[PDB]
$ cat work06.pdb   # PDB, C-alpha atoms
ATOM      1  CA  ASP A   1       3.085 -25.167   1.943
ATOM      2  CA  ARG A   2       4.077 -21.665   0.846
ATOM      3  CA  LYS A   3       7.662 -20.458   0.552
ATOM      4  CA  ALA A   4       8.551 -17.273   2.415
ATOM      5  CA  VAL A   5      10.975 -14.931   0.654
ATOM      6  CA  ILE A   6      11.691 -11.689   2.505
ATOM      7  CA  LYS A   7      12.680  -9.069  -0.064
ATOM      8  CA  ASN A   8      13.258  -5.969   2.065
ATOM      9  CA  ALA A   9      13.057  -5.584   5.821
ATOM     10  CA  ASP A  10      13.725  -2.933   8.395
ATOM     11  CA  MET A  11      12.443  -4.943  11.303
ATOM     12  CA  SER A  12      13.568  -7.193  14.152
ATOM     13  CA  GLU A  13      14.057 -10.849  13.218
ATOM     14  CA  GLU A  14      11.394 -11.838  15.756
ATOM     15  CA  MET A  15       8.863  -9.534  14.130
ATOM     16  CA  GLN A  16       9.802 -10.594  10.614
ATOM     17  CA  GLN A  17       9.071 -14.159  11.693
ATOM     18  CA  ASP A  18       5.733 -13.147  13.177
ATOM     19  CA  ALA A  19       4.772 -11.346   9.991
ATOM     20  CA  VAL A  20       5.471 -14.501   8.022
ATOM     21  CA  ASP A  21       3.488 -16.605  10.510
ATOM     22  CA  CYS A  22       0.618 -14.140  10.488
ATOM     23  CA  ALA A  23       0.531 -14.076   6.708
ATOM     24  CA  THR A  24       0.564 -17.888   6.698
ATOM     25  CA  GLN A  25      -2.465 -17.898   9.015
ATOM     26  CA  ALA A  26      -4.144 -15.322   6.808
ATOM     27  CA  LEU A  27      -3.692 -17.338   3.648
ATOM     28  CA  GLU A  28      -5.092 -20.423   5.371
ATOM     29  CA  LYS A  29      -8.279 -18.627   6.376
ATOM     30  CA  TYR A  30      -8.864 -16.191   3.479
ATOM     31  CA  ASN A  31      -8.600 -16.116  -0.339
ATOM     32  CA  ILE A  32      -9.263 -12.438  -1.070
ATOM     33  CA  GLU A  33      -6.278 -10.106  -0.924
ATOM     34  CA  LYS A  34      -7.954  -7.347   1.103
ATOM     35  CA  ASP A  35      -9.124  -9.871   3.700
ATOM     36  CA  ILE A  36      -5.617 -11.299   3.949
ATOM     37  CA  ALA A  37      -4.229  -7.804   4.353
ATOM     38  CA  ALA A  38      -6.847  -6.890   6.959
ATOM     39  CA  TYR A  39      -6.021  -9.978   9.075
ATOM     40  CA  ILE A  40      -2.278  -9.232   9.062
ATOM     41  CA  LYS A  41      -2.734  -5.548   9.809
ATOM     42  CA  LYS A  42      -5.035  -6.301  12.735
ATOM     43  CA  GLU A  43      -2.744  -8.947  14.246
ATOM     44  CA  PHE A  44       0.186  -6.544  14.118
ATOM     45  CA  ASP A  45      -1.836  -3.674  15.559
ATOM     46  CA  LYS A  46      -2.504  -6.014  18.495
ATOM     47  CA  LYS A  47       0.796  -7.864  18.874
ATOM     48  CA  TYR A  48       2.966  -4.823  18.142
ATOM     49  CA  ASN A  49       0.823  -1.716  18.732
ATOM     50  CA  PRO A  50      -0.859   0.533  16.122
ATOM     51  CA  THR A  51      -0.662   1.823  13.483
ATOM     52  CA  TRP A  52       0.104  -0.714  10.729
ATOM     53  CA  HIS A  53      -0.792  -0.832   7.043
ATOM     54  CA  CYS A  54      -0.831  -3.880   4.828
ATOM     55  CA  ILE A  55      -0.956  -4.383   1.077
ATOM     56  CA  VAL A  56      -1.279  -7.850  -0.377
ATOM     57  CA  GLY A  57      -1.102  -8.647  -4.066
ATOM     58  CA  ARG A  58       0.579 -10.083  -7.130
ATOM     59  CA  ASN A  59       1.087  -6.831  -9.027
ATOM     60  CA  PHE A  60       1.850  -3.489  -7.440
ATOM     61  CA  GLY A  61       4.590  -1.011  -6.765
ATOM     62  CA  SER A  62       4.716   1.327  -3.820
ATOM     63  CA  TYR A  63       6.403   4.329  -2.322
ATOM     64  CA  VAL A  64       5.697   4.602   1.385
ATOM     65  CA  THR A  65       7.384   6.371   4.279
ATOM     66  CA  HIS A  66       7.838   4.023   7.193
ATOM     67  CA  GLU A  67       8.970   4.258  10.774
ATOM     68  CA  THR A  68      12.465   2.839  11.166
ATOM     69  CA  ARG A  69      12.388  -0.818  12.251
ATOM     70  CA  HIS A  70       8.748  -1.244  11.200
ATOM     71  CA  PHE A  71       8.794  -2.294   7.559
ATOM     72  CA  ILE A  72       8.688  -5.621   5.801
ATOM     73  CA  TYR A  73       8.142  -6.517   2.194
ATOM     74  CA  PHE A  74       7.991 -10.203   1.434
ATOM     75  CA  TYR A  75       6.496 -12.948  -0.642
ATOM     76  CA  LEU A  76       4.569 -15.882   0.757
ATOM     77  CA  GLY A  77       4.378 -18.167  -2.233
ATOM     78  CA  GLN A  78       3.110 -16.167  -5.195
ATOM     79  CA  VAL A  79       1.689 -13.309  -3.113
ATOM     80  CA  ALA A  80       3.552 -10.158  -2.137
ATOM     81  CA  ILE A  81       2.951  -8.550   1.217
ATOM     82  CA  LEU A  82       3.873  -5.054   2.312
ATOM     83  CA  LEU A  83       3.492  -4.389   6.015
ATOM     84  CA  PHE A  84       4.632  -1.238   7.793
ATOM     85  CA  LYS A  85       3.981   1.561  10.278
ATOM     86  CA  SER A  86       3.991   5.110   8.925
ATOM     87  CA  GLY A  87       6.995   7.353   9.439
TER      88      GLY A  87
ATOM     89  CA  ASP B   1      -6.035   9.075 -22.976
ATOM     90  CA  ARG B   2      -6.726   7.214 -19.733
ATOM     91  CA  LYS B   3     -10.113   7.087 -18.029
ATOM     92  CA  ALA B   4     -10.229   8.120 -14.379
ATOM     93  CA  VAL B   5     -12.588   6.132 -12.155
ATOM     94  CA  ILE B   6     -12.530   7.114  -8.484
ATOM     95  CA  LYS B   7     -13.593   4.089  -6.446
ATOM     96  CA  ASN B   8     -13.371   5.356  -2.865
ATOM     97  CA  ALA B   9     -12.466   8.807  -1.609
ATOM     98  CA  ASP B  10     -12.314  10.632   1.669
ATOM     99  CA  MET B  11     -10.824  13.778   0.244
ATOM    100  CA  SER B  12     -11.724  17.253  -1.003
ATOM    101  CA  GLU B  13     -12.853  17.417  -4.633
ATOM    102  CA  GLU B  14      -9.944  19.749  -5.416
ATOM    103  CA  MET B  15      -7.451  17.236  -4.063
ATOM    104  CA  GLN B  16      -9.123  14.297  -5.774
ATOM    105  CA  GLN B  17      -8.699  16.192  -9.035
ATOM    106  CA  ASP B  18      -5.047  16.886  -8.289
ATOM    107  CA  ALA B  19      -4.426  13.233  -7.524
ATOM    108  CA  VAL B  20      -5.874  12.304 -10.894
ATOM    109  CA  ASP B  21      -3.786  14.980 -12.634
ATOM    110  CA  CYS B  22      -0.660  13.908 -10.791
ATOM    111  CA  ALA B  23      -1.227  10.276 -11.675
ATOM    112  CA  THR B  24      -1.771  11.301 -15.307
ATOM    113  CA  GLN B  25       1.587  13.108 -15.276
ATOM    114  CA  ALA B  26       3.184  10.082 -13.656
ATOM    115  CA  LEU B  27       1.921   7.676 -16.276
ATOM    116  CA  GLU B  28       3.175   9.967 -19.039
ATOM    117  CA  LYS B  29       6.700  10.012 -17.636
ATOM    118  CA  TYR B  30       7.091   6.514 -16.129
ATOM    119  CA  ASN B  31       6.176   2.888 -16.950
ATOM    120  CA  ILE B  32       7.186   1.107 -13.740
ATOM    121  CA  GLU B  33       4.612   1.014 -10.959
ATOM    122  CA  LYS B  34       6.970   1.976  -8.123
ATOM    123  CA  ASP B  35       8.228   4.979 -10.094
ATOM    124  CA  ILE B  36       4.659   6.071 -10.782
ATOM    125  CA  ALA B  37       3.842   5.696  -7.108
ATOM    126  CA  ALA B  38       6.974   7.583  -6.052
ATOM    127  CA  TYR B  39       6.125  10.547  -8.331
ATOM    128  CA  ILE B  40       2.571  10.833  -6.969
ATOM    129  CA  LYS B  41       3.639  10.488  -3.352
ATOM    130  CA  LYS B  42       6.295  13.174  -3.753
ATOM    131  CA  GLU B  43       3.970  15.636  -5.503
ATOM    132  CA  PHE B  44       1.411  15.256  -2.731
ATOM    133  CA  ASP B  45       4.019  15.582   0.006
ATOM    134  CA  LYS B  46       4.871  18.925  -1.620
ATOM    135  CA  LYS B  47       1.470  20.229  -2.712
ATOM    136  CA  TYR B  48      -0.367  18.998   0.385
ATOM    137  CA  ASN B  49       2.241  18.433   3.118
ATOM    138  CA  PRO B  50       3.727  15.111   4.326
ATOM    139  CA  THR B  51       3.246  12.272   4.941
ATOM    140  CA  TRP B  52       1.679  10.436   1.978
ATOM    141  CA  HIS B  53       1.893   6.834   0.802
ATOM    142  CA  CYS B  54       1.135   5.542  -2.655
ATOM    143  CA  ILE B  55       0.535   2.086  -4.080
ATOM    144  CA  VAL B  56       0.133   1.594  -7.800
ATOM    145  CA  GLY B  57      -0.792  -1.683  -9.437
ATOM    146  CA  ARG B  58      -3.158  -3.991 -11.266
ATOM    147  CA  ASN B  59      -3.551  -6.612  -8.544
ATOM    148  CA  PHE B  60      -3.572  -5.901  -4.833
ATOM    149  CA  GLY B  61      -5.795  -5.562  -1.826
ATOM    150  CA  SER B  62      -5.090  -3.370   1.150
ATOM    151  CA  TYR B  63      -6.073  -2.528   4.675
ATOM    152  CA  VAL B  64      -4.700   0.837   5.724
ATOM    153  CA  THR B  65      -5.603   3.343   8.417
ATOM    154  CA  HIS B  66      -5.851   6.817   6.976
ATOM    155  CA  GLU B  67      -6.298  10.319   8.279
ATOM    156  CA  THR B  68      -9.828  11.544   7.634
ATOM    157  CA  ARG B  69     -10.053  13.558   4.401
ATOM    158  CA  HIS B  70      -6.742  12.184   3.099
ATOM    159  CA  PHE B  71      -7.564   9.004   1.211
ATOM    160  CA  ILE B  72      -8.212   8.214  -2.412
ATOM    161  CA  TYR B  73      -8.430   4.944  -4.250
ATOM    162  CA  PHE B  74      -8.908   5.197  -7.978
ATOM    163  CA  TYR B  75      -8.180   3.761 -11.366
ATOM    164  CA  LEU B  76      -6.448   5.631 -14.157
ATOM    165  CA  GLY B  77      -7.090   3.373 -17.104
ATOM    166  CA  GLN B  78      -6.104  -0.162 -16.148
ATOM    167  CA  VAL B  79      -3.971   0.860 -13.159
ATOM    168  CA  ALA B  80      -5.197   1.187  -9.589
ATOM    169  CA  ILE B  81      -3.810   3.869  -7.335
ATOM    170  CA  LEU B  82      -4.049   4.090  -3.573
ATOM    171  CA  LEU B  83      -2.942   7.389  -2.094
ATOM    172  CA  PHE B  84      -3.322   8.384   1.547
ATOM    173  CA  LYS B  85      -1.879   9.909   4.713
ATOM    174  CA  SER B  86      -1.650   7.660   7.766
ATOM    175  CA  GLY B  87      -4.191   7.944  10.556
TER     176      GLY B  87
ATOM    177  CA  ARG C   1     -10.366   5.366   9.673
ATOM    178  CA  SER C   2      -9.393   1.961   8.342
ATOM    179  CA  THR C   3     -10.664   0.838   4.954
ATOM    180  CA  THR C   4     -10.061  -1.938   2.481
ATOM    181  CA  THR C   5      -9.337  -1.643  -1.193
ATOM    182  CA  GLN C   6      -9.396  -4.482  -3.677
ATOM    183  CA  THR C   7      -8.475  -4.345  -7.359
ATOM    184  CA  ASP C   8     -11.096  -5.538  -9.841
ATOM    185  CA  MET C   9      -8.407  -7.610 -11.556
TER     186      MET C   9
ATOM    187  CA  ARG D   1      12.520   6.383   5.684
ATOM    188  CA  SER D   2      10.883   6.166   2.281
ATOM    189  CA  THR D   3      11.380   3.070   0.155
ATOM    190  CA  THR D   4       9.988   1.544  -2.996
ATOM    191  CA  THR D   5       8.680  -1.942  -3.492
ATOM    192  CA  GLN D   6       7.924  -3.549  -6.821
ATOM    193  CA  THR D   7       6.400  -6.974  -7.435
ATOM    194  CA  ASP D   8       8.363  -9.367  -9.641
ATOM    195  CA  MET D   9       5.164 -10.082 -11.568
TER     196      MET D   9
END
$ encode --input "work06.pdb" --output "structure tokens"
Amino acid sequence: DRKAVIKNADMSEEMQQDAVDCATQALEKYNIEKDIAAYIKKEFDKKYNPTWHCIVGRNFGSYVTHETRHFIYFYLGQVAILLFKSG
Amino acid sequence: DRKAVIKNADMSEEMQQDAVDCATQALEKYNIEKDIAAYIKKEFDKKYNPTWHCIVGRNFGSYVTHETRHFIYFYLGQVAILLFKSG
Amino acid sequence: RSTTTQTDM
Amino acid sequence: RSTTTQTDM
């Protein structure tokens, strides 16, 4: 069972928890990073309104501009997940 | 000198070329992926108006929603670069 | 539009 | 706001 480590968040605690749950579901169902990212993005578009963006991977850096209170960057096990709405 | 391979683009040829030039400049100046991404994002915010987002790395998948004609995904050498405006 | 990207490595 | 992320690996 994969360890969640939230690295940077500008997001309600309830939503941070959902992101972690959603990513857990995604990793259960899918093995390919883009499919994992697509599942998370789509769940959040639904649960929390569009428009979300998701990057999933083991090696990347980013510079994104996000809407306040709609950004999370976390690890689920060995995989890093960036999920946010654009600012 | 690093080989540019554009993998997916919804973007004018002039802008695709600028993205490749910008990423080339970034890789000359910086070694860390987030710094490379920040340099590209900032150049495009300036040259082509906000709001851009940039991910740079060797291992990641993504699902993002972009504005039509403002998306490029390419490699510069071994590094993958995702650059886009949000749709 | 929404699109996926996936690194080769 | 704009922020950076960088993977540990």
$ atom_distance --input "work06.pdb" --atom1 "atom CA of residue 56 of chain B" --atom2 "atom CA of residue 81 of chain B"
4.6 Å
$ interface_residues --input "work06.pdb" --of "chain C" --to "chain A" --cutoff "8 Å" --atoms "only C-alpha atoms" --output "ChimeraX atom specification"
/C:4-6
$ resolve_selection --input "work06.pdb" --expression "the PyMOL selection byres ((chain D and resi 1) around 6)" --output "PDB file with C-alpha atoms, keeping the file's coordinate frame"
ATOM      1  CA  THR A  65       7.384   6.371   4.279  1.00  0.00           C
ATOM      2  CA  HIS A  66       7.838   4.023   7.193  1.00  0.00           C
TER       3      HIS A  66
ATOM      4  CA  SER D   2      10.883   6.166   2.281  1.00  0.00           C
TER       5      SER D   2
END
$ atom_distance --input "work06.pdb" --atom1 "atom CA of residue 20 of chain A" --atom2 "atom CA of residue 42 of chain A"
14.1 Å
$ residues_around --input "work06.pdb" --residues "residue 5 of chain B" --least-positions-apart "6" --cutoff "8 Å" --atoms "all atoms listed in the file" --output "count of residues only"
4
$ residues_around --input "work06.pdb" --residues "segment 11-17 of chain A" --least-positions-apart "4" --cutoff "8 Å" --atoms "only C-alpha atoms" --output "PyMOL selection string"
chain A and resi 21+68-72
$ residues_near_point --input "work06.pdb" --point "(4.6, 1.2, 13.8)" --cutoff "6 Å" --atoms "only C-alpha atoms" --output "list in words"
residues 50, 51, 52, 70 and 85 of chain A
$ closest_residue --input "work06.pdb" --among "A:64, A:22, A:4, A:82" --to "chain B" --atoms "only C-alpha atoms"
A:64
$ atom_distance --input "work06.pdb" --atom1 "atom CA of residue 25 of chain A" --atom2 "atom CA of residue 8 of chain B"
28.3 Å
$ closest_residue --input "work06.pdb" --among "B:87, B:58, B:19, B:31" --to "residue 44 of chain B" --atoms "only C-alpha atoms"
B:19
$ closest_residue --input "work06.pdb" --among "B:7, B:29, B:47, B:41" --to "chain A" --atoms "only C-alpha atoms"
B:41
